[PDB]
Chemist: 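Sharing a structure, written as structure tokens. Questions coming.
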Amino acid sequence: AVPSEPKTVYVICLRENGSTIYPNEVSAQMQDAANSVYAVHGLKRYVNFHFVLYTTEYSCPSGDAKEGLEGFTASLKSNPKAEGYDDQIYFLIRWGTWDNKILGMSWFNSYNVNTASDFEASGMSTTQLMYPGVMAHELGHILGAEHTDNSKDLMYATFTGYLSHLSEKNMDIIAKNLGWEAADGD
Amino acid sequence: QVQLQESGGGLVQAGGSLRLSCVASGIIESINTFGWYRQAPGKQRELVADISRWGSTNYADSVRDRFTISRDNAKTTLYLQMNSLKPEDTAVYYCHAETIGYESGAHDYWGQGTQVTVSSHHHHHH
Ligand SMILES: [Zn+2]
């Protein structure tokens, strides 16, 4: 059912070494990401995200996005600041994009409140203001959401600028991975 | 997921004007950048003018203040007003749309090209 208290889950957003991030731009990504989840199935009853904005010594070896994320997730496993928090959610953030204007990446279906471990729930996101909702889309993937046929959904495969989950399938998956059950209502 | 069709090319004399039009059908909100490219014989294709989904425009230095790009309210039609034309503007002009996948990046969609020919006078002997 509804838990006795919302679970504290940290979303730890690490500025890539060498990147320059701007405050309003990163704030927009983090608030859009938080709101995209809280808007679903009354999820503030189940989770209160602490978005943490910090830094990392890691930088992607190139513009190769898959290489970049594989290296970022590995870097977390021996990052002394992240010790004891292998069950949280992590984003590497930069100003620009990756090769061919890739906007972000994520490990799909990598966070569940019961099994989270080993820094598996991790991804990367641009923060440029012209790409609202990228972190929210990647967080959706981390929570198990798949691409949708509806082009007005946050989880359309193509960037559209939209910010909200519309797919009932995705909303059920995301909420289930955060402890929700259908009998709980919204 | 989008289809583009452009029109309006022709032959004009130096100093003339032409108005190009491009109509997009399909998933219009997938268009991140809507624009015009051109390719002249022996040369590489080059950006002429484009407009972002947020309304920001870019022009090639060589056409700024002679050409104007615009997009209609419905977002399906892109215009290129070409004034004060020069022989250096002769080219096939292509409508273009960039889509961006969150994880996959940019994909290019193209129109079929419309020919623009700008004549100037060639004086010759008799
Ligand atoms: Zn995606």
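Computation of the quantities below employed the complete heavy-atom set of this structure, encompassing side-chain atoms and omitting hydrogens, waters and symmetry-equivalent molecules. Throughout, a chain's letter reflects where its sequence line sits, starting with A, and its residues are numbered from 1.
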Chemist: So which part of A:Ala65 gets closer than 4.5 Å to some heavy atom of chain B, the side chain, the backbone, both or neither?
Modeler: neither
Chemist: Find out whether the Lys NZ or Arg CZ of B:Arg45 is both under 6.0 angstrom from the six-membered ring centre of B:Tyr94 and within 45° of the ring's axis.
Modeler: no
Chemist: With a cut-off of 6.0 Å (strictly less than), are more than 12 heavy atoms of other residues, nucleotides or ligands near CD of B:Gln39?
Modeler: yes
Chemist: What part of B:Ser30 lies closer than 4.5 angstrom to a heavy atom of chain A: side chain, backbone, both or neither?
Modeler: both
Chemist: Tell me yes or no: between the side chains of B:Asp108 and B:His96, is some donor less than 3.5 Å from an acceptor?
Modeler: yes
Chemist: For B:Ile100, is it the side chain, the backbone, both, or neither that has a heavy atom closer than 4.5 Å to a heavy atom of chain A?
Modeler: both
Chemist: Are A:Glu138 and A:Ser106 linked by a side-chain donor-acceptor pair shorter than 3.5 Å?
Modeler: yes
